[PDB]
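K.L.:
Quick one: the structure is below, questions incoming.
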Amino acid sequence: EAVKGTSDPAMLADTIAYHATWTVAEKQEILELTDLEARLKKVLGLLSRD
Amino acid sequence: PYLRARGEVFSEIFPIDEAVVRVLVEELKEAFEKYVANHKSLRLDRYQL
């Protein structure tokens with residue numbers, strides 16, 4: 001409940017990605033993309049897998 | 001260079017007899033509505049409809 005009420009998608013995306021705790025290689029693979037939407041494709045595919 | 005051209009006539013069509021043409025306007029608006037949202041990751045807007 002500390003991240004709710006959010007407009008900024010950069011802190012949203014990276015907050016989710018660090019709070020999507022994984023092996024750090026794929027943390028970097030999240031960090032690779034400069035695009036937001038392809039990175040969130042990566043993120044939400046991972047979280048659906050979890 | 002540089003490049004010039006000359007033209008005979010400037011072709012136009014002002015649409016007359018709009019019934020079947022208007023039905024095809026409805027159909028092509030439907031076709032664009034079915035085509036428009038494919039570029040979610042491929043960077044074209046929904047809101048250009």
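Every chain in the structure tokens takes a letter, A first, then B, and so on in the order presented; its residues are numbered from 1, and the ligands are numbered from 1 following the presented order.
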Write out as a PyMOL selection string which residues come within 10 Å of region 23-31 of chain A when counting only C-alpha atoms, dropping same-chain ones fewer than 4 positions away.
P.N.:
chain A and resi 13-14+17-18+35+38-43+46
K.L.:
Just to be explicit: take each residue in the selection above, keep N, CA, C and O atoms, and write the result as a CSV table (one decimal), in the first residue's frame.
P.N.:
```csv
chain,number,residue,atom,x,y,z
A,13,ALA,N,7.6,0.8,-12.9
A,13,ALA,CA,8.2,-0.3,-13.6
A,13,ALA,C,9.4,-0.9,-12.8
A,13,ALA,O,9.5,-2.1,-12.6
A,14,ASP,N,10.3,0.0,-12.4
A,14,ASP,CA,11.4,-0.5,-11.7
A,14,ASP,C,11.2,-0.9,-10.3
A,14,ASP,O,11.8,-1.8,-9.8
A,17,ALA,N,9.8,-4.3,-10.8
A,17,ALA,CA,10.9,-5.2,-11.2
A,17,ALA,C,11.8,-5.6,-10.1
A,17,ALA,O,12.2,-6.8,-10.0
A,18,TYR,N,12.2,-4.7,-9.2
A,18,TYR,CA,13.0,-5.1,-8.0
A,18,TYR,C,12.1,-5.8,-7.1
A,18,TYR,O,12.6,-6.8,-6.4
A,35,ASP,N,12.5,0.7,-23.9
A,35,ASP,CA,11.0,0.8,-24.0
A,35,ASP,C,10.3,0.4,-22.7
A,35,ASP,O,10.8,-0.5,-22.0
A,38,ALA,N,7.6,-3.0,-23.9
A,38,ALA,CA,8.2,-4.3,-24.1
A,38,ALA,C,8.9,-4.8,-22.8
A,38,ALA,O,8.9,-6.0,-22.5
A,39,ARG,N,9.3,-3.9,-21.9
A,39,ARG,CA,9.8,-4.3,-20.6
A,39,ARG,C,8.7,-4.8,-19.7
A,39,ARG,O,8.9,-5.8,-19.0
A,40,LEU,N,7.5,-4.2,-19.8
A,40,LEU,CA,6.4,-4.7,-19.1
A,40,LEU,C,5.8,-6.0,-19.6
A,40,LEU,O,5.2,-6.8,-18.9
A,41,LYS,N,6.0,-6.2,-21.0
A,41,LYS,CA,5.8,-7.5,-21.5
A,41,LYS,C,6.6,-8.6,-20.9
A,41,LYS,O,6.1,-9.6,-20.4
A,42,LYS,N,7.9,-8.3,-20.8
A,42,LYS,CA,8.9,-9.2,-20.0
A,42,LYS,C,8.4,-9.4,-18.6
A,42,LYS,O,8.3,-10.6,-18.1
A,43,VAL,N,8.1,-8.3,-17.9
A,43,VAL,CA,7.7,-8.4,-16.4
A,43,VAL,C,6.5,-9.2,-16.2
A,43,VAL,O,6.5,-10.1,-15.4
A,46,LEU,N,6.9,-12.9,-16.8
A,46,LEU,CA,7.5,-13.5,-15.7
A,46,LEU,C,6.5,-13.7,-14.5
A,46,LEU,O,6.5,-14.8,-13.9
```
K.L.:
At a cut-off of 12 Å, which residues of chain B touch chain A? Count only C-alpha atoms and give the answer as a list in words.
P.N.:
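That gives the following set of residues: residues 39, 40, 41, 42 and 43 of chain B.
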K.L.:
What is the distance, in Å and to one decimal place, between CA of residue 26 (chain B) and CA of residue 13 (chain B)?
P.N.:
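It comes out at 19.3 Å.
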K.L.:
Hey, which of B:23, B:16, B:48, B:9 ends up closest to residue 36 (chain B)? Count only C-alpha atoms.
P.N.:
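Among the listed residues, B:48 lies closest to residue 36 (chain B).
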K.L.:
Just asking: which residues within chain B are alpha helix (DSSP H) according to DSSP, as number ranges by chain?
P.N.:
B: 18-35
K.L.:
Rank nothing, just name the residue among A:12, A:1, A:21, A:7 nearest to residue 50 (chain A), using only C-alpha atoms.
P.N.:
A:21
K.L.:
Contacts of residue 49 (chain B) at 12 Å or less, counting only C-alpha atoms, minus same-chain residues fewer than 3 places along, as a ChimeraX atom specification?
P.N.:
/B:29-37,44-46
K.L.:
Can I get the selection written as a short mmCIF file (atom, residue, chain, number, x, y, z; two decimals), in the first residue's frame, with N, CA, C and O atoms?
P.N.:
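To be explicit, this is the file written out as out25.cif:
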```cif
data_model
loop_
_atom_site.label_atom_id
_atom_site.label_comp_id
_atom_site.auth_asym_id
_atom_site.auth_seq_id
_atom_site.Cartn_x
_atom_site.Cartn_y
_atom_site.Cartn_z
N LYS B 29 -14.90 1.75 -42.34
CA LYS B 29 -14.74 2.14 -40.94
C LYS B 29 -14.71 0.91 -40.03
O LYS B 29 -13.90 0.86 -39.09
N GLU B 30 -15.54 -0.09 -40.33
CA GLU B 30 -15.47 -1.38 -39.62
C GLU B 30 -14.12 -2.07 -39.83
O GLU B 30 -13.55 -2.64 -38.89
N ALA B 31 -13.59 -2.01 -41.05
CA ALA B 31 -12.32 -2.66 -41.36
C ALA B 31 -11.15 -1.98 -40.66
O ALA B 31 -10.27 -2.65 -40.11
N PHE B 32 -11.14 -0.64 -40.65
CA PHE B 32 -10.14 0.10 -39.88
C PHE B 32 -10.29 -0.14 -38.38
O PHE B 32 -9.28 -0.14 -37.66
N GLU B 33 -11.52 -0.33 -37.90
CA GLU B 33 -11.73 -0.62 -36.49
C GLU B 33 -11.18 -2.00 -36.13
O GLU B 33 -10.66 -2.21 -35.03
N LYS B 34 -11.28 -2.95 -37.06
CA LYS B 34 -10.70 -4.27 -36.84
C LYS B 34 -9.19 -4.30 -37.04
O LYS B 34 -8.53 -5.21 -36.54
N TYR B 35 -8.64 -3.32 -37.75
CA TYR B 35 -7.20 -3.28 -38.00
C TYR B 35 -6.42 -2.42 -37.00
O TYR B 35 -5.22 -2.67 -36.80
N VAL B 36 -7.07 -1.45 -36.35
CA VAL B 36 -6.38 -0.31 -35.75
C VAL B 36 -5.52 -0.67 -34.53
O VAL B 36 -4.46 -0.07 -34.31
N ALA B 37 -5.90 -1.67 -33.75
CA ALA B 37 -5.28 -1.91 -32.45
C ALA B 37 -4.16 -2.95 -32.47
O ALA B 37 -3.72 -3.37 -31.40
N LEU B 44 1.63 2.37 -32.80
CA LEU B 44 0.62 3.21 -33.43
C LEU B 44 -0.56 3.35 -32.47
O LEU B 44 -0.91 2.42 -31.74
N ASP B 45 -1.17 4.53 -32.49
CA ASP B 45 -2.17 4.92 -31.49
C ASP B 45 -3.53 4.31 -31.81
O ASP B 45 -3.94 4.24 -32.97
N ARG B 46 -4.23 3.86 -30.76
CA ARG B 46 -5.67 3.62 -30.86
C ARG B 46 -6.40 4.90 -31.23
O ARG B 46 -7.32 4.88 -32.06
#
```
K.L.:
When you draw a straight line from CA of residue 19 (chain B) to CA of residue 47 (chain B), how long is it in Å?
P.N.:
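Between CA of residue 19 (chain B) and CA of residue 47 (chain B) the gap is 28.0 Å.
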K.L.:
Rounded to one decimal, what separation in Å do you get between CA of residue 11 (chain A) and CA of residue 33 (chain A)?
P.N.:
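These atoms are spaced 15.0 Å apart.
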